[PDB]
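Take a look at the structure set out below.
Here is how names work: the chains are called A, B, and so on, in the same order as the sequence lines, proteins then strands, and each is numbered from 1. Excluded from the calculations below are hydrogen atoms, water molecules and symmetry mates; all remaining heavy atoms, backbone and side chain alike, are included.
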Amino acid sequence: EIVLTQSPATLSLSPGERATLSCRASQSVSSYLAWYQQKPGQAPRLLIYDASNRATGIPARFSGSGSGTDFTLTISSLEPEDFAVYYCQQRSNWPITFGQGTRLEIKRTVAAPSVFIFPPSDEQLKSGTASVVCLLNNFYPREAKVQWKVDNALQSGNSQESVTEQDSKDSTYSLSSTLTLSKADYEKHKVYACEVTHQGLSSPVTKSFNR
Amino acid sequence: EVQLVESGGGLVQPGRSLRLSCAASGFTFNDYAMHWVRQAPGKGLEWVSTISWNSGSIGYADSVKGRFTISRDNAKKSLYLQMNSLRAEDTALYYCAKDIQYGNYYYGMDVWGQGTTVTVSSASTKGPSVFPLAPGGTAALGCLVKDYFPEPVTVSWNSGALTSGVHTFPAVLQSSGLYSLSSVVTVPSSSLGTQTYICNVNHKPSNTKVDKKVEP
Ligand SMILES: [Zn+2]
Ligand SMILES: [Zn+2]
Ligand SMILES: [Zn+2]
């Protein structure tokens with residue numbers, strides 16, 4: 001098959017700035033290179049076909065260029081609706097293949113998260129499991145370090161985190177971190193703490209409860 | 001209106017079969033090449049199959065050959081996919097898509113459906129448990145939606161009357177093979193004694209609706 005490599009994987013830019021997205025093929029695809037936009041929850045949208053032709057109704061700020069193996073989608077002055085994932089697709093050769101995408105994210109001023117910790121419920125503890133949840137609300141950039149401490153000892157391997165899509169109103173993120181223990185283990189400890197490290201925080205914020 | 005509408009997705013075990021339909025209206029279906037394209041949760045697009053307007057030319061993805069059969073009915077403006085001996089890694093959202101190609105070499109998928117989700121698993125469907133994340137200026141509260149299979153679960157707050165400040169997080173696949181998500185909302189602390197907060201959880205695959213009131 002023809003492999004298409006997209007770079008960069010992620011791109012952070014402000015509205016009004018220019019976006020330059022690269023697609024490179026493992027062998028020539030001539031001009032048979034299309035570009036797609038895809039928002040979360042939504043089907044893909046054709047932007048460009050034949051390397052450089054805009055699909056019907058696509059704003060003029062979208063332009064494609066290239067031939068052979070090296071292609072570029074340029075968005076000359078970014079709009080808020082332009083922040084999405086972008087895929088290239090070749091139509092030269094069986095099988096039809098796609099790049100793995102470039103995620104285009106809104107660059108925003110730094111915003112520190114507000115942090116909340118939740119103990120497990122009494123309803124859950126009867127089932128023999130304890131989920132401790134830590135919430136970071138409305139922060140930018142996406143990069144955050146959230147660590148769990150139990151009786152002040154840093155935890156490892158026993159939590160998972162999940163992040164929302166960029167907010168359509170304020171361009172921030174929200175994040176959950178979930179600490180999972182057995183009820184038994186949970187009841188052996190005294191203090192449960194979520195320590196959060198972020199560019200918007202001069203020093204780490206810690207939220208805790210005593211079981 | 002120009003529409004493509006797919007259906008037939010479902011949860012089936014490995015080795016079993018599914019038939020997908022893609023019903024078109026509002027454009028000349030018989031003029032165009034049609035495609036099936038699939039997308040795994042969190043992943044990129046992967047082409048499955050293609051059929052020309054006259055059904056005389058057909059293409060298949062490599063992982064799919066000998067197992068999947070594409071077909072169309074121009075008079076019914078419908079496109080089909082017979083999927084045989086299904087595997088876990090066939091799990092995806094399946095799209096049908098119309099090409100712009102018309103007597104030329106211009107290639108582009110300009111009209112897409114919404115997708116039908118196919119889940120291939122040995123694991124039986126299981127409804128969630130719903131636990132409160134109780135509130136401790138601005139407060140936060142939520143619901144933990146734990147141990148369900150398969151995706152999706154949907155969450156609303158106060159039967160849809162609360163939307164501002166809500167964050168319903170992408171599910172996580174736990175080592176148990178079961179999914180978990182939290183849904184949160186931040187609220188003014190002042191309203192905690194006065195305002196009622198209920199999360200409405202729905203898990204269609206198990207017919208589960210749960211309303212959990214979340215309190216101090
Ligand atoms: Zn190859
Ligand atoms: Zn605009
Ligand atoms: Zn928020």
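Listed here is the closest heavy atom pair of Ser206(B) and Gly127(B): OG-CA, 3.3 Å. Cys134(A) and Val115(A) get closest at one heavy-atom pair: SG-CG1, 3.8 Å. Of all non-hydrogen atoms in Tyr173(A) and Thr164(A), the two that sit nearest each other are CD2-O, 3.3 Å. Nearest heavy-atom pair, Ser174(A) versus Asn138(A), reported as atom, atom and distance to 0.1 Å: OG-N, 3.1 Å. Residues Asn200(B) and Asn158(B) approach most closely at OD1-N, 3.7 Å, considering heavy atoms. Scanning both residues, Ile96(A) and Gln90(A), for their nearest heavy atoms gives CG2-O, 3.7 Å.
Note: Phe29(B) and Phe27(B) have tilted aromatic rings, judged against thresholds of 30 and 60 degrees for the angle between ring planes. Using the six-membered ring where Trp is involved, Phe139(A) and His198(A) have ring planes that are perpendicular, over 60° apart on the 30 and 60° scheme.
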(message) Before you tell me yes or no, could you show the steps for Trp94(A) and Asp62(B) under side-chain contact (heavy atoms from CB on, under 4.5 Å), namely the whole-Å CA-CA distance, both residues' side-chain angles and the distance that decides it to 0.1 Å?
(response) CA-CA 10 Å; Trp94(A) 174 93; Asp62(B) 230 307; 3.0 Å; yes
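Residues passing the salt bridge (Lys or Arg N to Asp or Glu O under 4.0 Å) test with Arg87(B): none are found, sequence neighbours excluded. With sequence neighbours left out, the salt bridge (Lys or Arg N to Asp or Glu O under 4.0 Å) criterion links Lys149(A) to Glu195(A). Partners of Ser7(B) according to the side chain to side chain contact (heavy atoms under 4.5 Å, CB included) rule, which considers only residues two or more places apart in sequence or in another chain, are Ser21(B). For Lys76(B), the salt bridge (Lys or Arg N to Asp or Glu O under 4.0 Å) criterion is met by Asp73(B), not counting sequence neighbours. Shown here are the salt bridge (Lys or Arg N to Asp or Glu O under 4.0 Å) partners of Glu105(A), two or more places apart in sequence or in another chain: there are none.
At a threshold of 4.0 Å, the pair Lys188(A)-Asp151(A) does not count as salt-bridged, since none of the basic side-chain nitrogens sits closer than that to a carboxylate oxygen. By the 4.0 Å N-to-carboxylate-O rule, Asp170(A) lies too far from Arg108(A) to be salt-bridged with it. Of the charged side-chain nitrogens involved, at least one lies within less than 4.0 Å of a carboxylate oxygen, so that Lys212(B) and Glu123(A) count as a salt-bridged pair.
Side-chain atoms of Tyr60(B) come within 3.5 Å of backbone N or O of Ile70(B) as a donor-acceptor pair. Side-chain atoms of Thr194(B) do not come within 3.5 Å of backbone N or O of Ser191(B) as any donor-acceptor pair. A donor-acceptor pair is defined here as one N or O able to donate and one able to accept, closer than 3.5 Å; no such pair exists between the side chain of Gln155(A) and the backbone of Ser159(A). Put simply, the side chain of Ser162(A) gets close to the backbone of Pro170(B): a donor and an acceptor are under 3.5 Å apart. With hydrogens and angles ignored, the 3.5 Å screen pairs no side-chain donor or acceptor of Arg91(A) with any backbone N or O of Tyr49(A).
Counting heavy-atom neighbours within 6.0 Å of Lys43(B) NZ, excluding the residue itself, gives a total of 12 or less. For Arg45(A), the CZ atom counts as densely surrounded, since its 6.0 Å shell holds more than 12 non-hydrogen atoms of other residues, nucleotides or ligands.
Remark: the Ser183(B) side chain and the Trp157(B) side chain contain an N/O donor-acceptor pair separated by less than 3.5 Å.
Two rings, from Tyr36(A) and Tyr87(A), have their centers 6.0 Å or more apart.
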Quiz: residues 108-126 of chain B side-chain donor-acceptor pairs under 3.5 angstrom, not counting sequence neighbours:
{"unit_1": "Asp110(B)", "atom_1": "OD1", "unit_2": "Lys98(B)", "atom_2": "NZ", "d": "2.9"}
{"unit_1": "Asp110(B)", "atom_1": "OD2", "unit_2": "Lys98(B)", "atom_2": "NZ", "d": "2.9"}
{"unit_1": "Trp112(B)", "atom_1": "NE1", "unit_2": "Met109(B)", "atom_2": "O", "d": "2.8"}
{"unit_1": "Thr116(B)", "atom_1": "OG1", "unit_2": "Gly9(B)", "atom_2": "N", "d": "3.0"}
{"unit_1": "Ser121(B)", "atom_1": "OG", "unit_2": "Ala123(B)", "atom_2": "N", "d": "2.9"}
{"unit_1": "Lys126(B)", "atom_1": "NZ", "unit_2": "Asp147(B)", "atom_2": "O", "d": "3.4"}

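Side-chain contact between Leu81(B) and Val48(B) is present, with heavy atoms from C-beta onward closer than 4.5 Å. Taking 4.5 Å as the limit, every side-chain heavy atom of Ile198(B) sits out of range of all side-chain heavy atoms of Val214(B).
Relative to the ring axis of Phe62(A), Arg54(A) does not place its NZ or CZ within 45° and under 6.0 Å from the centre.
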